[PDB]
Asker: 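Submitted below is the structure of interest, expressed as structure tokens.
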Amino acid sequence: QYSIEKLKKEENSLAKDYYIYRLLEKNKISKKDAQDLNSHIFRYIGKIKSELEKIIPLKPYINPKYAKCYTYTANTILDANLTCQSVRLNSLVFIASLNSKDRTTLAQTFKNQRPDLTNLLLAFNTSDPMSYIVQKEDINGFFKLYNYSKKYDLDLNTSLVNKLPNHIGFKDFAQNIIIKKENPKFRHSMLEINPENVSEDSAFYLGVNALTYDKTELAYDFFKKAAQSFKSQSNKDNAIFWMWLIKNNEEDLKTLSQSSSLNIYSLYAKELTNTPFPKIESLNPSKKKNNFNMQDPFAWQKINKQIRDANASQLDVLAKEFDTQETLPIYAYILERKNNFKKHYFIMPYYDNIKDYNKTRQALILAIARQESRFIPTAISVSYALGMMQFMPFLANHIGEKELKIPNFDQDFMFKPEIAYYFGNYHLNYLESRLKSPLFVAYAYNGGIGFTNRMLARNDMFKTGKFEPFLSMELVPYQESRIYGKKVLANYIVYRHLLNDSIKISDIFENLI
Ligand SMILES: CC(=O)N[C@H]1[C@H](OCC2CCCCC2)O[C@H](CO)[C@@H](O)[C@@H]1O
């Protein structure tokens, strides 16, 4: 392990953050060491921030110009100058805390220059502030009230709902209420949004919404708008798939089957149309090694930064340098970026560690590793998940110390491919025995078996239905897990093919119900 003095000589990065966090959790950072430390942290968010702040709280930060404004309370705000009054009224909790006479007084004060404040002040003098704001069609006010409390729910007329998409908050609002199945009056109201007024993710979610109310023509129009506006080919393909499922225009399915993006929708479309499986690149570097240490986390952070900041030309230089067997994962990483994501790379590094598992199991391991890390042995996430299989430290230690009782086990063993694959196999055994489907296993790998069990216990998820199991896959309540399952499923199909153990993606979908 590295001392704080030695870590401080390394460039700021997630690897440095991780090792600082490890010192903090073992209580090895003194109050004196902690003084300058926030400048040594690459991403000052989450657990590392909570741990540091148990040693040195931050008071910060009130803009010096407005300090005096925060000396007032609800009881004294009428004594404050007008600038101070308007600053404090940015907070709806503050407004809620005022007495109603003062809300009336302030509403008058601000009616000319800040009618937004007037509307909220008067709204909070009623028993339903959302109703008052909705009657005023105050869009900024609507989103402030929603951020204040998700519990307000009301029917919204055609005029109002068509104004909501213009606000930056709309996409997260729509996603949240549709995926969580909350705010049913808002959800029902959003059936009347004109597809002309939305695009991209918003349009797509409104399609999903329309499907849940069996408004299939409205759903098609939303999905079509999404297909026309999405920036990424994978997302476009997802929208075209829905267009096809709803109306069965064979030109939509043909377009999907010819996609340059390899995803579950384009794979399924190819299978339905007897189109050949997409071309998978074959990487076999003849040079065996270079000088790069694939077990050094700091060396990876450095080369990753270079790769991500490299111009079209510099990528070609790095490609040649890492064109070795030993650095195959880095090579494929560079090529994927270098070819602007048009070629399909599905490598199988450190294969000797999995070759004795059955092919179906190999494919699942490889599918997870590809998405988790692109097979970078010293990969570290923002939550400090570790290695190719991106184990969280808690689970790594449980398996390594309690279950397998590996002598001198340290969580950093997860950076060794033999360990990552072995632990991955071990955990995948647990999950698969309970869940069976590789899609459900993927959801549980990323999101936990608890979340997955709760989702599968619901009456409305992964049961029989007109648009199942595809609709259920759009309604997986955690965005990261929803996305992850789709990507790992695609990878799984590809690796099964590469290992001469092909399965039809249609069989996967049948077994989800
Ligand atoms: C290294 C890293 O941050 N990996 C994360 C991963 O990042 C995306 C990877 C895609 C390939 C290139 C490396 C990052 O997202 C997963 C969820 O989808 C996480 O579980 C995983 O920890």
Side-chain angles (χ1 to χ4, degrees), residues 13-19 21 42-43 45-48 232 234-235 238 261-264 294 296-310 315 318 322 327-341 343-349 364-396 411-412 414-415 417 420 423-424 427-428 431 438-439 441-449 451-452 473 476-492 494-495:
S13 77
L14 284 176
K16 176 173 169 182
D17 287 6
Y18 168 59
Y19 282 109
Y21 180 72
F42 178 81
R43 180 172 179 288
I45 300 179
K47 294 155 310 205
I48 196 172
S232 101
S234 191
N235 287 333
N238 195 163
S261 170
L262 199 166
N263 57 70
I264 62 170
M294 293 288 295
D296 179 0
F298 303 104
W300 168 241
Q301 290 305 319
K302 193 110 52 46
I303 204 67
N304 193 30
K305 188 173 51 177
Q306 285 171 42
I307 294 163
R308 289 169 135 295
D309 214 12
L315 283 173
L318 287 159
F322 282 95
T327 63
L328 177 58
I330 304 182
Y331 183 52
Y333 187 88
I334 296 165
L335 286 191
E336 188 171 4
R337 316 198 87 260
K338 197 190 106 300
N339 282 299
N340 300 307
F341 303 78
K343 295 196 172 184
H344 311 311
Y345 301 95
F346 285 77
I347 62 162
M348 302 184 186
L364 182 57
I365 294 171
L366 288 167
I368 284 170
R370 186 175 184 280
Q371 171 58 22
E372 283 298 353
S373 66
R374 285 293 191 279
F375 303 100
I376 302 300
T378 60
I380 302 171
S381 82
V382 297
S383 57
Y384 315 137
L386 305 179
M388 288 196 318
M389 294 298 285
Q390 288 283 288
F391 274 84
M392 288 298 178
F394 183 80
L395 177 62
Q411 65 189 49
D412 286 6
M414 302 315 310
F415 296 148
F423 283 35
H427 190 54
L428 288 167
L431 291 178
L439 178 63
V441 169
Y443 291 144
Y445 191 96
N446 174 258
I449 194 169
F451 137 71
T452 304
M473 296 170 75
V476 171
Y478 298 105
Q479 173 174 29
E480 175 178 334
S481 284
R482 178 163 78 249
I483 292 170
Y484 183 88
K486 291 175 182 189
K487 292 188 166 169
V488 169
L489 186 54
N491 293 343
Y492 170 83
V494 174
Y495 278 117

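In what follows, every heavy atom counts, from backbone to side chain, and hydrogens, waters and symmetry copies are set aside. We count ligands from 1, going down the list as the structure has it; atoms in each ligand are counted the same way. Along the sequence shown, residues are numbered consecutively beginning with 1.
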Asker: Who passes side-chain hydrogen bond (donor to acceptor under 3.5 Å, both in side chains) against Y345, sequence neighbours left out?
Answerer: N339
Asker: Would you mind checking which non-hydrogen protein atom is closest to atom 2 (C) of ligand 1, with the distance to 0.1 Å?
Answerer: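 Of every protein heavy atom, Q390 OE1, 3.5 Å lies nearest to atom 2 (C) of ligand 1.
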Asker: If hydrogens are left out, which of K487, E372, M388, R370 has an atom nearest to atom 5 (C) of ligand 1, that is, the closest non-hydrogen atom?
Answerer: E372
Asker: According to the salt bridge (charged side-chain N to carboxylate O under 4.0 Å, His left out) rule, which pairs have a member within residues 374-389, sequence neighbours left out?
Answerer: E336-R374
Asker: Below 4.0 angstrom from a heavy atom of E480, which ligand 1 atoms are there? Numbered from 1 as shown, please.
Answerer: 17 (C), 20 (O)
Asker: May I ask you to establish whether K16 and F42 are in a cation-pi arrangement, using a distance under 6.0 Å from NZ or CZ to the six-membered ring centre and at most 45° from the ring axis?
Answerer: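 No cation-pi geometry.
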Asker: Protein heavy atoms near atom 14 (C) of ligand 1, is at least one of them under 4.0 angstrom away?
Answerer: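 Given the 4.0 Å cut-off, atom 14 (C) of ligand 1 does not count as touching protein heavy atoms.
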Asker: For the ring pair (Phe, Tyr, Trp, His ring centres under 6.0 Å) test, which of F322, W300, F375 pairs with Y333?
Answerer: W300
Asker: Quick check against the 3.5 Å criterion: does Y495 have a side-chain atom that pairs as donor or acceptor with the backbone of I347?
Answerer: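 Yes; judged by distance alone, with no hydrogens or angles, the pair exists.
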Asker: Just say parallel, tilted or perpendicular for the rings of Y18 and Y384, cut-offs at 30° and 60°.
Answerer: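 Ring orientation of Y18 relative to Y384: tilted.
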Asker: Name the closest protein heavy atom to atom 12 (C) of ligand 1, giving the residue it belongs to and the distance to 0.1 Å.
Answerer: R374 CG, 3.5 Å
Asker: Identify, by atom number and element, the atoms of ligand 1 in contact range of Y484, meaning under 4.0 Å from any of its heavy atoms.
Answerer: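 Reading through ligand 1 atom by atom, the close ones are 17 (C), 18 (O).
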Asker: Should you measure from each heavy atom of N446, which atoms of ligand 1 turn up under 4.0 Å away?
Answerer: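 Going through ligand 1 atom by atom, the ones under 4.0 Å from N446 are 17 (C), 20 (O).
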Asker: I want to know if ligand 1 touches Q371 in the polar sense, i.e. an N/O pair below 3.5 angstrom.
Answerer: yes
